[PDB]
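Notes follow once the structure below has been shown.
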Ligand SMILES: Nc1ncnc2c1ncn2[C@@H]1O[C@H](COP(=O)(O)OP(=O)(O)O)[C@@H](O)[C@H]1O
Ligand SMILES: Nc1ncnc2c1ncn2[C@@H]1O[C@H](COP(=O)(O)OP(=O)(O)O)[C@@H](O)[C@H]1O
Ligand SMILES: Nc1ncnc2c1ncn2[C@@H]1O[C@H](COP(=O)(O)OP(=O)(O)O)[C@@H](O)[C@H]1O
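Residue numbers (the deposited numbering), protein chains in the order written: chain A, 443 to 478; chain B, 1239 to 1242, 1253 to 1315; chain C, 1471 to 1702; chain D, 14 to 462; chain E, 199 to 264; chain F, 17 to 150, 152 to 458; chain G, 20 to 458.
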């Protein structure tokens, strides 16, 4: 539930990136497929 | 020099003991710094500025040039 | 020293000093952006630039002392500089590898304060017990030790260890000192070597060379000898 | 623990009445020089001195600098003593008179009490409070903070300037770092994570220290030993404070600059203000210029005005030259290389050569100083070399002759070891004789003439 | 387009009581003074002013060495 | 405290009369030299006149005949009003800059501008400070102060409360609020609140309350030379250069414009020009490249009077190869006007040694003074003036009060005068390195 | 490769008696100077005696630099050995005396010992939290050996090293906790079949056993010059490599000497005194000698060994002559070791060593002719003839070199004894101090 930090976690299965909900409306979600 | 400062006899024996233990019990200097040439502002007392105080950048040189 | 300034008694001189000698454009360009500016640049709908695009201060090339001249007494040169403490450092590393929560006993508890600083420094979970702590705190902290298998080193007054305390969970003893009465020393040993003791407890009496604690060791040993021959 | 060329000298070895007793405290003989050096030492330790010239004449190999180390070990630790040479002042950044004045103000010391005002706490809440920032290009600017320091007995919640915030910010102070803000400059050294945040599962290799006991606003006095040249360098290139001149002035490379007359007078007035407040104590010292004949005439011109100052240390010149030509102007010859005008300031101390028994005593002292024991016939052999060849040649035939003794299983040095080391290791005179004799013609087996 | 703040006017002088400005009176002349000035420039000054930035925005020169 | 007894700490002026210019033979330290001191008096009285250019007076004479003494007498007989600048002539050969420009700065350092303008200051003990920082900030506050006479309350602006927490003004400080700028110089601490100061030393000075009114105007008088203004108008913040010598080749148009604005300041009555004195000590250490500039820097309206001292006889000029009197070229000796000195008669030697003895406070028997005069006849003033300081200390060795013959004869025994040192060099040739040879016994 | 002093493998004396062997370890053919240099080497290895001066005088091409390299190979890579030439001191950046002071202080090693903390094990997961458009970073690293399973934290520099190294899940890394370097040792799993830009399959290592936090005691040797440069400048480090050090004031050296003495007493540091070799000292002028004679007066001066070539030469910067070009107030301090010209039965075996080093096979007639040439032109022409005859025998496809190859090389390349005659014959088509003509 962080305001502006984007998590990267890499385990033995794969590696995923979590984005907080509060950043999806911003310009940071254009790569992740949310956008303005 | 004392059989012929801080001359207590048990300063002698038990400070032989202390200097076995650790030398800094006998007085050590605290964390130092280089000498400062300028003019700061000395705090007046401890019992006035209780909790909410504000530091001021009071650093000026004693060397002045008057124009 | 601070740099030399001009004592000119107009308002314009003060404004020019605070616009040249400080000059906030260079300070902003050097240290970085305000967190308010970071928030308005990172919650906006579109990407926007920053006038200090990163913190333009160079990385200092000396890790322990950067951009100042202030000196803290370094931990090796702080409280170490004694052979008793040096061998104690070695054996404490050895008993950390052994996995045994040990002890201290000492006569003058300012040494116990400075050892507290040494052990907080080299990261050892510890507990302290002198006469200065109140009685309920004494029994409760020794209970908290004897219920917890991980806190690693005690601090005790030697002579005030002669209470009815219980130290079965302790398993090793270090005397940092050897003072006069053997029955105090052996009494604290008994406070470790209890009736409920499970394993061999070893005791390390730290000795110097050519110095007065060897004399006190000899005198106490003779008194112990006379004591044991009379009441054996 | 390294035996240098001057290790046996432990002082002048004077009596209570100022009379030099020979073979005492390292020296052998040399009466009229050591009594005059004792007079010079008590001239230094009386503070009625504002520039006096003391010349140490005498040929090479007679102990001119042994007297200088005797003076420097007779004055003590807490009196300044600056030894230089005559070749040291030819620099490439500044004119050489600047280097002379920098040595003159290295040779004057000051003992100052200072009252530092530390704020030694553990940072609890760090929150910036920016101010209004209209359209002026740079953007926002942090102007006020609310850092809360937490000592052991009584916390405090203080408010900061922008500059002390930048001092924090160039130290990377997070929440939990103990610091002590120095409210003389503004500097603030992070010490480490407080032990309330201690965890053995860590990787940053931080230094965990406990909470600083006592009041958070401490105040402590110290004693400092500062020369006047240190104050000159401090006011010349500023490296204290939190402004831009004193921050961009410690990223550049340091250069020796020409500290002018006005700064050297203003720092004199500042030091007089310290002394009149009953804080600082002045202790003048010695400038020992060895090999003064290497100084040219442009330096002996400036030593006149450098010694006419109301504050100037005592100069001790050494010069092993006879009638010679001064380096600057090559058309006036004089004694010692000193010009005939500057020579009148000097209180000239002579130094006389040695005797065939004084050489024996010096050889014995040097052998029992280095740690080489030997027999009396070997001492007579080395003294024979000392009379024939040189003084500081025969002292140097003891260090191979020990090693060669240890080759042959011996402990003491006999006649055979010195008779072999005199053949392996040669002096300058017989080497020049071999040079002139063998080097007859230039060619394949000759010398480049 | 050159501007200088001369001071704070003396009608607003005693607003507070220990403010720190230079209280000067209102000028008792025109507001629009029109005067003409003949003035010389040497070409070397043109050369220096076109080679290196001079005086106005040259704030890094307070270091001094290089 | 920084008043250590030097070789010229006994001269308290030129010592001559200022009404008929008579050199009275013993006053203010300068004793014995008559004609040269009268000529220096004439030069001194035409310096303070101001209605003359930069001219050149050459104090020529033998070694140790009182040339730096006359110059220091003229330095002490002006006060801190007309700028006197010493210049030993080897400070010119620098590497931070050229050599002719280093000479030009030494000419510009000796032409002062003296301007007098007023400030408004406030004395007084602070009775109490209240600051309404309640989250609030530095917005409003009350300052109650007093002198012995006055007492007052002031309200403060925001940019004054930010200077009150900047200097940390307590309840009892003796401050000086300069009203036009806002700086606060604490003159000290008041005695009557000695209990109220805990974070001070055990030994701490305390003042009394200031006497008089609390709001007064000072007529301070500043005096800065033209080199000061030149170095100020050379960089962004360039006055640091004249404290660190890092000034370089200053372009000449700056000096020309400042020579114009000083004249425009003089004609408006805002300023006043004070021509100083430049003392070029040991002027023979200049090459002909210097004299070809001093011949033309002594031509302008703004040029200080140059006083200069030469020892050499017929010697060579540096840079060239041809000899000349006093080490100076003849086209430059046309400019200068020469004052010649003379060696000292023995009674004048005796009373100069008497002044140097009374300056260091050393007691002398008259027999020792006669012996010391006899030594100074044969070895100069400097040797005997050092034998005084040596003989006091040798008398302090054996716990005596007055020096005698038995200590002057020891100081003459240990420390050789330079004549016997020259004899020592001439009689110890083969071991002292002349040019080539070293003989070891 | 094969330089002019690659055959030398030390000084070649005994360890108990230090007698000069007539043929041992390259330095073959001289006995007096090698024995004296063995004595100098032994009093350098003792380390007690400070501030001497050894002057290896003799004719050129007699093996002076060979004796110097023999002492250099005999000390090993422990004691500093500065190979200073006398012309390097004349800088334009710094002064002429301060270059000598740096040349002395480069030859006093300080050997300190410090404890680092190294990790070991298999990375299980990386967890990196990053901001948007500038900001701090957060890091959690789970690492597992066969015994422990730790979840460590990370700062900014550790993440800046992880992303530089690209440490994925399943890597055997070892992190020094003090210095903060990351060296990947290999992997335990295989490469995934899900991503494209992964990398190269590294070495297959198993999971390491033991513990995570292991301690290590490393030994670091720095010269005093490096301590001077790192303590003379606030931020301007790395100037001890790029030579940008202008001047170090004396207040810095008089503090560093005291702190090194304190480090010597505390058992922290150990002072290893070294050798300053000055090749062809006759180029220094008298302003250098007036400082070299007085820098050999303290406890921190290295034992100076230096060479010379000249007879009665004039000292530079002066007007007069002296033996070896050195002043007679400086020649009292020094101790001069002479070297002698060679004999042909020694030149034969020296050329044999030089031939066996450059992998050249010979015939005894060619070696006899080569020795006859080396009698008249020195070793410096004969060794060049060896290499040249090797390549001419390689051109005409011969196994071993012969008399004809040596005669060919002697015909092509003149020795200096014939080039002097070549100058002295045609003096009209060479520019002397005067004009020249063209046919
Ligand atoms: N009186 C003395 N007693 C003992 N050693 C002396 C004496 N005089 C000179 N020496 C020795 O002479 C050597 C060189 O003396 P030094 O002062 O360097 O000569 P110089 O006067 O030429 O500089 C020193 O190593 C010192 O041991
Ligand atoms: N008239 C005088 N009165 C007092 N002292 C004098 C007088 N003339 C010379 N002296 C002393 O003689 C010394 C030499 O004078 P000075 O001018 O320094 O010689 P020089 O002209 O060679 O520099 C000075 O120390 C000064 O104290
Ligand atoms: N005794 C020797 N042993 C081995 N090689 C030698 C010997 N003497 C000379 N040399 C060889 O001759 C060459 C010249 O020696 P070097 O020391 O360079 O002469 P110089 O001292 O004149 O510079 C070197 O390359 C070396 O390999």
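Note that beta-carbon positions come from the ideal geometry of N, C-alpha and C, so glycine has one too.
| Check | Outcome |
| --- | --- |
| Nearest to residue 37 of chain D (by Cα), restricted to the options D/405, D/346, D/49 and D/24 | D/24 |
| Alpha carbon of residue 1663 of chain C to alpha carbon of residue 1669 of chain C, nearest angstrom | 9 Å |
| Other residues of its chain near residue 331 of chain F: CB distance less than 8 Å, five sequence neighbours each side excluded | 340, 341 and 342 |
| Residues, ordered as in the chain, of the region 438-456 of chain F that lie near chain G by beta-carbon distance below 7 Å | 450, 452, 453 and 455 |
| DSSP three-state assignment for residue 312 of chain G, whether helix, strand or coil | helix |
| Buried versus exposed call for residue 1665 of chain C [16 or more other C-beta atoms within 10 Å across all chains shown] | exposed |
| Limits of the unbroken alpha helix (DSSP H) element including residue 84 of chain F | 84-92 |
| N-terminal and C-terminal residue of the beta strand (DSSP E) that residue 66 of chain D is part of | 66-69 |
| Contacts that residue 177 of chain F makes with chain E (C-beta to C-beta distance below 7 Å) | 216, 217 and 218 |
| Burial state of residue 225 of chain E (16 or more Cβ within 10 Å) | exposed |
| Other residues of its chain near residue 57 of chain G: CB distance less than 7 Å, five sequence neighbours each side excluded | 30, 32 and 37 |
| Closer than 8 Å at the beta carbon, the chain C residues around residue 260 of chain G | Going along chain C, no residue has its Cβ under 8 Å from residue 260 of chain G, so there is no contact; the nearest lies around 12 Å. |
| Residues proximal to ligand 3 by C-beta, any heavy atom closer than 6 Å | G/23, G/24, G/45, G/46, G/47, G/48, G/49, G/79, G/80, G/81, G/82, G/83, G/84, G/85, G/369 and G/398 |
| Identity of the residue in G/157, G/187, G/188 and G/191 nearest residue 178 of chain G by Cα | G/157 |
| For residue 141 of chain F, the three-state DSSP class (helix, strand or coil) | strand |
| is_contact[residue 1681 of chain C, chain B] using C-beta, thresh 8 Å | yes |
| Listed by chain order, chain F residues near residue 336 of chain D by CB distance under 7 Å | 442 and 451 |
| Cβ shell of residue 208 of chain F (< 8 Å), same chain only, five flanking positions each side left out | 223, 224 and 225 |
| Unbroken alpha helix (DSSP H) run spanning residue 1671 of chain C, endpoints | That residue, residue 1671 of chain C, is in no alpha helix (DSSP H); it is neither H nor E in DSSP. |
| Residue 355 of chain F Cβ short of 7 Å to ligand 2 heavy atom set | no |
| Length of the line joining the Cα atoms of residue 137 of chain D and residue 197 of chain F | 40 Å |
| Short CB-CB distance (under 8 Å) between residue 1294 of chain B and chain F | yes |
| Reference residue 142 of chain F, options F/95, F/236 and F/194, closest by Cα | F/194 |
| 8 Å Cβ cut-off: residues of chain B touching residue 1600 of chain C | Correct list: empty, because the minimum Cβ distance to chain B is about 16 Å. |
| Neighbourhood of residue 100 of chain D by C-beta, 8 Å cutoff - its chain only, sequence neighbours within 5 removed | 304 and 307 |
| Contact with chain F by residue 1249 of chain B, beta-carbon distance below 8 Å | For chain B, the structure lists 1242 followed at once by 1253, and that leaves residue 1249 of chain B out of the model. |
| Exposed unless 16 or more other CB atoms sit within 10 angstroms - verdict on residue 166 of chain F | exposed |
| Paired residues, beta bridge with residue 158 of chain G - DSSP | G/147 and G/173 |
| Test: residue 1522 of chain C CB closer than 8 Å to a CB of chain F | no |
| Residue 461 of chain D CB to nearest heavy atom of ligand 2 below 7 Å | no |
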